[PDB]
>>> print(open('entry38.txt').read())   # compact mmCIF, N, CA and C atoms
# COMPACT_ATOMS: atom_id res chain seq x y z
N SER A 1 99.17 64.98 104.16
CA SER A 1 100.05 63.93 103.57
C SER A 1 99.48 63.43 102.25
N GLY A 2 100.37 62.96 101.38
CA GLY A 2 99.94 62.45 100.08
C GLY A 2 99.32 63.53 99.21
N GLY A 3 98.16 63.21 98.63
CA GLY A 3 97.48 64.16 97.78
C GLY A 3 96.62 65.14 98.56
N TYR A 4 96.65 65.02 99.88
CA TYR A 4 95.87 65.91 100.74
C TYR A 4 96.74 66.98 101.37
N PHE A 5 96.25 68.22 101.34
CA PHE A 5 96.97 69.32 101.95
C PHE A 5 96.13 69.86 103.10
N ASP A 6 96.76 70.04 104.26
CA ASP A 6 96.05 70.55 105.43
C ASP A 6 95.80 72.05 105.30
N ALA A 7 94.72 72.41 104.60
CA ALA A 7 94.38 73.81 104.40
C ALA A 7 93.86 74.43 105.70
N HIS A 8 93.49 73.59 106.66
CA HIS A 8 92.99 74.11 107.93
C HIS A 8 94.15 74.70 108.73
N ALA A 9 95.28 74.00 108.73
CA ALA A 9 96.46 74.48 109.45
C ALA A 9 96.90 75.80 108.82
N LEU A 10 96.78 75.88 107.50
CA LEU A 10 97.14 77.08 106.76
C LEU A 10 96.23 78.23 107.19
N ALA A 11 94.94 77.94 107.32
CA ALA A 11 93.98 78.96 107.74
C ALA A 11 94.35 79.50 109.11
N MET A 12 94.79 78.62 110.00
CA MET A 12 95.17 79.02 111.35
C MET A 12 96.39 79.93 111.39
N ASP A 13 97.22 79.87 110.35
CA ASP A 13 98.42 80.70 110.29
C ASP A 13 98.06 82.16 110.08
N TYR A 14 96.82 82.41 109.67
CA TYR A 14 96.38 83.78 109.46
C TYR A 14 96.18 84.53 110.77
N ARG A 15 96.06 83.79 111.87
CA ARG A 15 95.86 84.42 113.17
C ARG A 15 97.08 85.26 113.55
N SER A 16 98.27 84.69 113.38
CA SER A 16 99.50 85.42 113.72
C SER A 16 99.69 86.61 112.79
N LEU A 17 99.23 86.49 111.55
CA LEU A 17 99.35 87.58 110.60
C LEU A 17 98.42 88.72 110.99
N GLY A 18 97.20 88.37 111.40
CA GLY A 18 96.25 89.38 111.82
C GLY A 18 96.72 90.05 113.09
N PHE A 19 97.31 89.25 113.98
CA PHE A 19 97.83 89.77 115.24
C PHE A 19 98.92 90.79 114.95
N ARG A 20 99.85 90.43 114.07
CA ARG A 20 100.94 91.34 113.74
C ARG A 20 100.51 92.55 112.93
N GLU A 21 99.36 92.46 112.25
CA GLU A 21 98.86 93.60 111.49
C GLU A 21 98.48 94.67 112.52
N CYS A 22 97.90 94.21 113.62
CA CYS A 22 97.51 95.11 114.70
C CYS A 22 98.76 95.65 115.38
N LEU A 23 99.75 94.79 115.58
CA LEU A 23 101.00 95.20 116.22
C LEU A 23 101.64 96.31 115.38
N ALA A 24 101.63 96.14 114.07
CA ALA A 24 102.21 97.15 113.18
C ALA A 24 101.44 98.46 113.29
N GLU A 25 100.12 98.38 113.38
CA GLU A 25 99.30 99.58 113.50
C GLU A 25 99.54 100.27 114.84
N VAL A 26 99.80 99.49 115.87
CA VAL A 26 100.09 100.05 117.19
C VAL A 26 101.35 100.90 117.10
N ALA A 27 102.39 100.35 116.49
CA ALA A 27 103.66 101.06 116.34
C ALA A 27 103.49 102.32 115.50
N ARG A 28 102.74 102.21 114.41
CA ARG A 28 102.51 103.36 113.54
C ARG A 28 101.74 104.45 114.27
N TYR A 29 100.66 104.05 114.94
CA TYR A 29 99.82 104.99 115.67
C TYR A 29 100.60 105.75 116.76
N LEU A 30 101.33 105.01 117.58
CA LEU A 30 102.10 105.63 118.65
C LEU A 30 103.17 106.56 118.10
N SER A 31 103.78 106.15 117.00
CA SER A 31 104.84 106.94 116.39
C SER A 31 104.34 108.19 115.68
N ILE A 32 103.37 108.02 114.79
CA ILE A 32 102.84 109.13 114.02
C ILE A 32 101.78 109.99 114.68
N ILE A 33 100.82 109.35 115.34
CA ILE A 33 99.73 110.08 115.99
C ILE A 33 100.08 110.59 117.39
N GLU A 34 100.59 109.70 118.23
CA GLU A 34 100.96 110.07 119.60
C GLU A 34 102.35 110.72 119.66
N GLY A 35 103.07 110.68 118.54
CA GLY A 35 104.39 111.28 118.48
C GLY A 35 105.44 110.68 119.39
N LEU A 36 105.34 109.38 119.66
CA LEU A 36 106.32 108.72 120.53
C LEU A 36 107.45 108.16 119.67
N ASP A 37 108.66 108.68 119.85
CA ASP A 37 109.79 108.22 119.05
C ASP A 37 110.26 106.82 119.42
N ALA A 38 111.28 106.34 118.71
CA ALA A 38 111.83 105.00 118.91
C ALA A 38 112.35 104.70 120.31
N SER A 39 112.62 105.73 121.10
CA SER A 39 113.13 105.52 122.45
C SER A 39 112.11 105.71 123.56
N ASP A 40 110.88 106.07 123.21
CA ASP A 40 109.85 106.27 124.23
C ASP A 40 109.63 104.98 125.02
N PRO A 41 109.71 105.06 126.35
CA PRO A 41 109.52 103.91 127.24
C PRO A 41 108.25 103.11 127.00
N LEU A 42 107.10 103.79 126.97
CA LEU A 42 105.84 103.10 126.77
C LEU A 42 105.72 102.42 125.41
N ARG A 43 106.11 103.13 124.35
CA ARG A 43 106.04 102.57 123.02
C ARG A 43 106.87 101.29 122.93
N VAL A 44 108.08 101.33 123.46
CA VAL A 44 108.96 100.17 123.44
C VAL A 44 108.42 99.03 124.30
N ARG A 45 107.91 99.35 125.48
CA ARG A 45 107.38 98.31 126.36
C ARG A 45 106.15 97.63 125.76
N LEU A 46 105.22 98.42 125.24
CA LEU A 46 104.01 97.85 124.65
C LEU A 46 104.27 97.03 123.39
N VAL A 47 105.03 97.57 122.45
CA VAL A 47 105.31 96.82 121.23
C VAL A 47 106.11 95.55 121.51
N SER A 48 107.08 95.61 122.41
CA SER A 48 107.86 94.42 122.72
C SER A 48 106.98 93.39 123.43
N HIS A 49 106.05 93.85 124.25
CA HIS A 49 105.15 92.94 124.94
C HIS A 49 104.36 92.15 123.90
N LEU A 50 103.86 92.87 122.89
CA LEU A 50 103.08 92.25 121.82
C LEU A 50 103.93 91.27 121.01
N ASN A 51 105.20 91.62 120.78
CA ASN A 51 106.11 90.75 120.05
C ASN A 51 106.32 89.46 120.83
N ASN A 52 106.58 89.59 122.13
CA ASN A 52 106.81 88.43 122.98
C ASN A 52 105.56 87.58 123.15
N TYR A 53 104.40 88.23 123.17
CA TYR A 53 103.14 87.51 123.30
C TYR A 53 102.96 86.61 122.08
N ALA A 54 103.18 87.19 120.91
CA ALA A 54 103.05 86.47 119.64
C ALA A 54 104.06 85.32 119.52
N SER A 55 105.30 85.58 119.92
CA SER A 55 106.34 84.55 119.84
C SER A 55 106.00 83.37 120.74
N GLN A 56 105.48 83.65 121.93
CA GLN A 56 105.11 82.60 122.87
C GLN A 56 104.07 81.66 122.25
N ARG A 57 103.11 82.24 121.52
CA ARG A 57 102.07 81.45 120.88
C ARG A 57 102.63 80.79 119.63
N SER B 1 80.07 77.82 102.17
CA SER B 1 78.85 77.24 101.55
C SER B 1 79.21 76.11 100.59
N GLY B 2 78.29 75.17 100.42
CA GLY B 2 78.53 74.04 99.54
C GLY B 2 79.01 72.85 100.34
N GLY B 3 79.29 71.75 99.65
CA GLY B 3 79.72 70.55 100.34
C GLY B 3 81.22 70.43 100.59
N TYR B 4 81.93 71.55 100.61
CA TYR B 4 83.37 71.50 100.84
C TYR B 4 83.85 72.45 101.92
N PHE B 5 84.98 72.09 102.53
CA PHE B 5 85.57 72.92 103.56
C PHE B 5 86.13 74.16 102.89
N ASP B 6 85.68 75.33 103.33
CA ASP B 6 86.14 76.60 102.76
C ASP B 6 87.25 77.17 103.62
N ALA B 7 88.49 76.86 103.26
CA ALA B 7 89.65 77.33 104.01
C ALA B 7 89.86 78.83 103.85
N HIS B 8 89.32 79.40 102.77
CA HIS B 8 89.46 80.83 102.51
C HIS B 8 88.69 81.65 103.54
N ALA B 9 87.43 81.28 103.75
CA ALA B 9 86.58 81.97 104.71
C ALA B 9 87.13 81.82 106.12
N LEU B 10 87.65 80.64 106.43
CA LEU B 10 88.20 80.40 107.76
C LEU B 10 89.46 81.23 107.97
N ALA B 11 90.27 81.35 106.93
CA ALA B 11 91.50 82.13 107.01
C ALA B 11 91.16 83.59 107.30
N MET B 12 90.14 84.11 106.63
CA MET B 12 89.73 85.49 106.84
C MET B 12 89.26 85.71 108.27
N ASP B 13 88.61 84.70 108.84
CA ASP B 13 88.12 84.81 110.21
C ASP B 13 89.25 84.76 111.21
N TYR B 14 90.27 83.96 110.92
CA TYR B 14 91.43 83.87 111.81
C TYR B 14 92.21 85.17 111.75
N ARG B 15 92.24 85.78 110.57
CA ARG B 15 92.95 87.04 110.39
C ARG B 15 92.28 88.11 111.24
N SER B 16 90.96 88.20 111.15
CA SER B 16 90.21 89.19 111.92
C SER B 16 90.33 88.89 113.42
N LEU B 17 90.34 87.61 113.76
CA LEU B 17 90.44 87.18 115.16
C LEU B 17 91.81 87.52 115.75
N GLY B 18 92.86 87.27 114.98
CA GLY B 18 94.21 87.57 115.45
C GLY B 18 94.39 89.05 115.72
N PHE B 19 93.82 89.88 114.85
CA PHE B 19 93.92 91.32 115.02
C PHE B 19 93.26 91.72 116.33
N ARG B 20 92.08 91.18 116.59
CA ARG B 20 91.34 91.49 117.82
C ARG B 20 92.01 90.93 119.07
N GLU B 21 92.80 89.87 118.92
CA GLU B 21 93.50 89.29 120.06
C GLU B 21 94.61 90.24 120.50
N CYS B 22 95.21 90.91 119.53
CA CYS B 22 96.27 91.88 119.81
C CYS B 22 95.62 93.09 120.47
N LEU B 23 94.46 93.49 119.95
CA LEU B 23 93.73 94.62 120.49
C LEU B 23 93.36 94.32 121.94
N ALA B 24 92.91 93.10 122.20
CA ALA B 24 92.54 92.69 123.55
C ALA B 24 93.75 92.74 124.48
N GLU B 25 94.90 92.28 123.99
CA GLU B 25 96.11 92.27 124.80
C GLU B 25 96.61 93.69 125.05
N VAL B 26 96.40 94.59 124.09
CA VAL B 26 96.81 95.98 124.25
C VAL B 26 96.01 96.60 125.40
N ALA B 27 94.70 96.38 125.40
CA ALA B 27 93.84 96.92 126.44
C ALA B 27 94.18 96.35 127.80
N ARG B 28 94.39 95.03 127.84
CA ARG B 28 94.71 94.34 129.08
C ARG B 28 96.08 94.77 129.60
N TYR B 29 97.05 94.87 128.70
CA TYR B 29 98.40 95.28 129.07
C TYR B 29 98.41 96.68 129.67
N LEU B 30 97.73 97.61 129.01
CA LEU B 30 97.68 98.98 129.49
C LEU B 30 97.04 99.06 130.87
N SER B 31 95.96 98.31 131.06
CA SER B 31 95.27 98.30 132.34
C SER B 31 96.10 97.67 133.46
N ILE B 32 96.50 96.42 133.26
CA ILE B 32 97.27 95.67 134.25
C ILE B 32 98.73 96.07 134.43
N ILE B 33 99.50 96.09 133.35
CA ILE B 33 100.92 96.42 133.45
C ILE B 33 101.21 97.91 133.60
N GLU B 34 100.64 98.73 132.72
CA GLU B 34 100.87 100.17 132.78
C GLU B 34 100.03 100.89 133.83
N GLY B 35 98.97 100.23 134.29
CA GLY B 35 98.11 100.82 135.30
C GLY B 35 97.21 101.94 134.82
N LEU B 36 96.80 101.90 133.55
CA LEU B 36 95.93 102.93 132.99
C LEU B 36 94.47 102.47 133.02
N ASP B 37 93.65 103.15 133.81
CA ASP B 37 92.24 102.78 133.92
C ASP B 37 91.49 102.97 132.60
N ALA B 38 90.26 102.47 132.56
CA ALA B 38 89.43 102.53 131.36
C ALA B 38 89.19 103.92 130.79
N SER B 39 89.33 104.95 131.62
CA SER B 39 89.11 106.31 131.15
C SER B 39 90.39 107.11 130.91
N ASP B 40 91.53 106.42 130.88
CA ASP B 40 92.80 107.10 130.65
C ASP B 40 92.86 107.58 129.20
N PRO B 41 93.22 108.85 128.98
CA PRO B 41 93.31 109.43 127.63
C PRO B 41 94.06 108.58 126.60
N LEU B 42 95.30 108.21 126.90
CA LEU B 42 96.08 107.41 125.97
C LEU B 42 95.43 106.06 125.68
N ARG B 43 95.06 105.34 126.73
CA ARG B 43 94.43 104.03 126.56
C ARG B 43 93.15 104.14 125.74
N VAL B 44 92.35 105.17 126.03
CA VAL B 44 91.11 105.37 125.30
C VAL B 44 91.35 105.63 123.82
N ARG B 45 92.31 106.50 123.51
CA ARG B 45 92.60 106.81 122.12
C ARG B 45 93.16 105.61 121.36
N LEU B 46 94.12 104.90 121.95
CA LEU B 46 94.71 103.75 121.28
C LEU B 46 93.73 102.60 121.08
N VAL B 47 93.02 102.22 122.14
CA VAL B 47 92.07 101.13 122.03
C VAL B 47 90.95 101.48 121.05
N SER B 48 90.44 102.70 121.13
CA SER B 48 89.37 103.12 120.23
C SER B 48 89.86 103.18 118.78
N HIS B 49 91.10 103.59 118.58
CA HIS B 49 91.67 103.66 117.23
C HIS B 49 91.76 102.27 116.61
N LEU B 50 92.27 101.32 117.38
CA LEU B 50 92.42 99.95 116.91
C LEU B 50 91.07 99.29 116.67
N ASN B 51 90.12 99.57 117.55
CA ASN B 51 88.79 98.99 117.42
C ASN B 51 88.13 99.50 116.14
N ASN B 52 88.35 100.77 115.83
CA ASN B 52 87.78 101.37 114.63
C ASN B 52 88.51 100.85 113.39
N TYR B 53 89.82 100.66 113.52
CA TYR B 53 90.64 100.15 112.43
C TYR B 53 90.12 98.77 112.03
N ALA B 54 89.84 97.96 113.04
CA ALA B 54 89.34 96.60 112.83
C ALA B 54 87.99 96.58 112.12
N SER B 55 87.05 97.37 112.62
CA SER B 55 85.72 97.44 112.03
C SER B 55 85.79 97.98 110.61
N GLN B 56 86.72 98.89 110.37
CA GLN B 56 86.90 99.49 109.06
C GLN B 56 87.19 98.40 108.03
N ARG B 57 88.02 97.43 108.43
CA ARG B 57 88.37 96.33 107.55
C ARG B 57 87.14 95.47 107.28
>>> encode(input="entry38.txt", output="structure tokens")
Amino acid sequence: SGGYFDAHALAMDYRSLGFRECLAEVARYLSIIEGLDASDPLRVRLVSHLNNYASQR
Amino acid sequence: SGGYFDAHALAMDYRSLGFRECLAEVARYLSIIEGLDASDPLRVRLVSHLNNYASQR
């Protein structure tokens, strides 16, 4: 408030970004390395689990 | 360092922490939900890939 900015709260926002960086790598890895397409059961279950985990937090 | 709060350093730590939280959830999810033990090929490759990706950063 006022002339003060909560840079600590801003720092905490990096947690969700780091979490999603890993989520993105999970999707890329499964797709490109493991060769699991967009309809693969495991790929969809795992990535959606991570999405829901992040949203809950 | 110095007499001030370094929000930059804290942000970097939250970023690295968030990435590892996703990695932790991936390992836990595979074990508990998917039922893949610690020596399962897929789980081993994915968890090891992410762990290496993290350290690489």
>>> atom_distance(input="entry38.txt", atom1="atom N of residue 34 in chain B", atom2="atom N of residue 45 in chain A")
10.3 Å
>>> calpha_fit_rmsd(input="entry38.txt", fixed="chain A", moving="chain B")
1.2 Å
>>> atom_distance(input="entry38.txt", atom1="CA of residue 29 in chain A", atom2="CA of residue 35 in chain B")
20.1 Å
>>> select_by_dssp(input="entry38.txt", residues="range 10-50 of chain B", states="helix (DSSP H, G or I)", output="JSON, numbers by chain")
{"B": [10, 11, 12, 13, 14, 15, 16, 17, 18, 19, 20, 21, 22, 23, 24, 25, 26, 27, 28, 29, 30, 31, 32, 41, 42, 43, 44, 45, 46, 47, 48, 49, 50]}
>>> write_last_selection(input="entry38.txt", atoms="N, CA and C atoms", output="short mmCIF file (atom, residue, chain, number, x, y, z; two decimals), keeping the file's coordinate frame")
data_model
loop_
_atom_site.label_atom_id
_atom_site.label_comp_id
_atom_site.auth_asym_id
_atom_site.auth_seq_id
_atom_site.Cartn_x
_atom_site.Cartn_y
_atom_site.Cartn_z
N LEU B 10 87.65 80.64 106.43
CA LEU B 10 88.20 80.40 107.76
C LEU B 10 89.46 81.23 107.97
N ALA B 11 90.27 81.35 106.93
CA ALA B 11 91.50 82.13 107.01
C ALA B 11 91.16 83.59 107.30
N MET B 12 90.14 84.11 106.63
CA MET B 12 89.73 85.49 106.84
C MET B 12 89.26 85.71 108.27
N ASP B 13 88.61 84.70 108.84
CA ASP B 13 88.12 84.81 110.21
C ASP B 13 89.25 84.76 111.21
N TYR B 14 90.27 83.96 110.92
CA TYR B 14 91.43 83.87 111.81
C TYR B 14 92.21 85.17 111.75
N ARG B 15 92.24 85.78 110.57
CA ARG B 15 92.95 87.04 110.39
C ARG B 15 92.28 88.11 111.24
N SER B 16 90.96 88.20 111.15
CA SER B 16 90.21 89.19 111.92
C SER B 16 90.33 88.89 113.42
N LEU B 17 90.34 87.61 113.76
CA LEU B 17 90.44 87.18 115.16
C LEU B 17 91.81 87.52 115.75
N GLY B 18 92.86 87.27 114.98
CA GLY B 18 94.21 87.57 115.45
C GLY B 18 94.39 89.05 115.72
N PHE B 19 93.82 89.88 114.85
CA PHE B 19 93.92 91.32 115.02
C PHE B 19 93.26 91.72 116.33
N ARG B 20 92.08 91.18 116.59
CA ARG B 20 91.34 91.49 117.82
C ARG B 20 92.01 90.93 119.07
N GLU B 21 92.80 89.87 118.92
CA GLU B 21 93.50 89.29 120.06
C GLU B 21 94.61 90.24 120.50
N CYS B 22 95.21 90.91 119.53
CA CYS B 22 96.27 91.88 119.81
C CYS B 22 95.62 93.09 120.47
N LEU B 23 94.46 93.49 119.95
CA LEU B 23 93.73 94.62 120.49
C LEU B 23 93.36 94.32 121.94
N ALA B 24 92.91 93.10 122.20
CA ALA B 24 92.54 92.69 123.55
C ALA B 24 93.75 92.74 124.48
N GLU B 25 94.90 92.28 123.99
CA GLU B 25 96.11 92.27 124.80
C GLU B 25 96.61 93.69 125.05
N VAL B 26 96.40 94.59 124.09
CA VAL B 26 96.81 95.98 124.25
C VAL B 26 96.01 96.60 125.40
N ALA B 27 94.70 96.38 125.40
CA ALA B 27 93.84 96.92 126.44
C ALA B 27 94.18 96.35 127.80
N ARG B 28 94.39 95.03 127.84
CA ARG B 28 94.71 94.34 129.08
C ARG B 28 96.08 94.77 129.60
N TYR B 29 97.05 94.87 128.70
CA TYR B 29 98.40 95.28 129.07
C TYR B 29 98.41 96.68 129.67
N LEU B 30 97.73 97.61 129.01
CA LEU B 30 97.68 98.98 129.49
C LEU B 30 97.04 99.06 130.87
N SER B 31 95.96 98.31 131.06
CA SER B 31 95.27 98.30 132.34
C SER B 31 96.10 97.67 133.46
N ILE B 32 96.50 96.42 133.26
CA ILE B 32 97.27 95.67 134.25
C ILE B 32 98.73 96.07 134.43
N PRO B 41 93.22 108.85 128.98
CA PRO B 41 93.31 109.43 127.63
C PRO B 41 94.06 108.58 126.60
N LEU B 42 95.30 108.21 126.90
CA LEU B 42 96.08 107.41 125.97
C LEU B 42 95.43 106.06 125.68
N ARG B 43 95.06 105.34 126.73
CA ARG B 43 94.43 104.03 126.56
C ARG B 43 93.15 104.14 125.74
N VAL B 44 92.35 105.17 126.03
CA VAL B 44 91.11 105.37 125.30
C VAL B 44 91.35 105.63 123.82
N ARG B 45 92.31 106.50 123.51
CA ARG B 45 92.60 106.81 122.12
C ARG B 45 93.16 105.61 121.36
N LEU B 46 94.12 104.90 121.95
CA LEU B 46 94.71 103.75 121.28
C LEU B 46 93.73 102.60 121.08
N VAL B 47 93.02 102.22 122.14
CA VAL B 47 92.07 101.13 122.03
C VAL B 47 90.95 101.48 121.05
N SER B 48 90.44 102.70 121.13
CA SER B 48 89.37 103.12 120.23
C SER B 48 89.86 103.18 118.78
N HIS B 49 91.10 103.59 118.58
CA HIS B 49 91.67 103.66 117.23
C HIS B 49 91.76 102.27 116.61
N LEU B 50 92.27 101.32 117.38
CA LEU B 50 92.42 99.95 116.91
C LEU B 50 91.07 99.29 116.67
#
>>> atom_distance(input="entry38.txt", atom1="atom C of residue 30 in chain A", atom2="CA of residue 17 in chain B")
23.4 Å
>>> residues_near_point(input="entry38.txt", point="(92.5, 75.5, 108.8)", cutoff="8 Å", atoms="only N, CA and C atoms", output="ChimeraX atom specification")
/A:6-13 /B:6-8,10-11
>>> interface_residues(input="entry38.txt", of="chain B", to="chain A", cutoff="5 Å", atoms="all atoms listed in the file", output="VMD selection string")
chain B and resid 11 14 to 15 18 to 19
>>> decode(input="entry38.txt", residues="range 28-44 of chain B", atoms="N, CA and C atoms", output="mmCIF file, in the first residue's frame")
data_model
loop_
_atom_site.group_PDB
_atom_site.id
_atom_site.type_symbol
_atom_site.label_atom_id
_atom_site.label_comp_id
_atom_site.auth_asym_id
_atom_site.auth_seq_id
_atom_site.Cartn_x
_atom_site.Cartn_y
_atom_site.Cartn_z
ATOM 1 N N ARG B 28 5.022 -38.904 -7.054
ATOM 2 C CA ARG B 28 3.995 -39.373 -6.132
ATOM 3 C C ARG B 28 2.770 -39.867 -6.895
ATOM 4 N N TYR B 29 2.362 -39.110 -7.910
ATOM 5 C CA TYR B 29 1.203 -39.478 -8.715
ATOM 6 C C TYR B 29 1.411 -40.818 -9.404
ATOM 7 N N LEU B 30 2.572 -40.982 -10.027
ATOM 8 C CA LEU B 30 2.875 -42.218 -10.730
ATOM 9 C C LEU B 30 2.860 -43.407 -9.782
ATOM 10 N N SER B 31 3.442 -43.228 -8.603
ATOM 11 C CA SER B 31 3.489 -44.295 -7.613
ATOM 12 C C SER B 31 2.107 -44.642 -7.059
ATOM 13 N N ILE B 32 1.433 -43.648 -6.488
ATOM 14 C CA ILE B 32 0.121 -43.834 -5.876
ATOM 15 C C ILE B 32 -1.057 -44.042 -6.826
ATOM 16 N N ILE B 33 -1.251 -43.121 -7.764
ATOM 17 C CA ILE B 33 -2.374 -43.222 -8.691
ATOM 18 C C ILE B 33 -2.185 -44.235 -9.814
ATOM 19 N N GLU B 34 -1.062 -44.152 -10.519
ATOM 20 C CA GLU B 34 -0.802 -45.071 -11.624
ATOM 21 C C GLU B 34 -0.290 -46.436 -11.175
ATOM 22 N N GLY B 35 0.195 -46.513 -9.939
ATOM 23 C CA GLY B 35 0.696 -47.772 -9.413
ATOM 24 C C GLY B 35 2.034 -48.230 -9.967
ATOM 25 N N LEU B 36 2.888 -47.283 -10.344
ATOM 26 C CA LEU B 36 4.204 -47.609 -10.889
ATOM 27 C C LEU B 36 5.269 -47.543 -9.794
ATOM 28 N N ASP B 37 5.863 -48.686 -9.456
ATOM 29 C CA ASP B 37 6.882 -48.713 -8.412
ATOM 30 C C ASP B 37 8.129 -47.920 -8.797
ATOM 31 N N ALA B 38 9.019 -47.733 -7.827
ATOM 32 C CA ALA B 38 10.245 -46.963 -8.019
ATOM 33 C C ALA B 38 11.153 -47.434 -9.155
ATOM 34 N N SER B 39 11.030 -48.696 -9.548
ATOM 35 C CA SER B 39 11.870 -49.221 -10.616
ATOM 36 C C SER B 39 11.148 -49.374 -11.953
ATOM 37 N N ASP B 40 9.968 -48.773 -12.079
ATOM 38 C CA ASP B 40 9.221 -48.859 -13.331
ATOM 39 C C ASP B 40 9.940 -48.036 -14.397
ATOM 40 N N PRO B 41 10.149 -48.616 -15.591
ATOM 41 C CA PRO B 41 10.830 -47.938 -16.698
ATOM 42 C C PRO B 41 10.351 -46.516 -16.989
ATOM 43 N N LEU B 42 9.055 -46.354 -17.235
ATOM 44 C CA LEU B 42 8.515 -45.033 -17.534
ATOM 45 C C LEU B 42 8.735 -44.048 -16.392
ATOM 46 N N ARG B 43 8.365 -44.447 -15.177
ATOM 47 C CA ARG B 43 8.536 -43.576 -14.017
ATOM 48 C C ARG B 43 9.994 -43.187 -13.830
ATOM 49 N N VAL B 44 10.890 -44.153 -13.994
ATOM 50 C CA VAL B 44 12.314 -43.887 -13.842
ATOM 51 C C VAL B 44 12.813 -42.884 -14.874
#
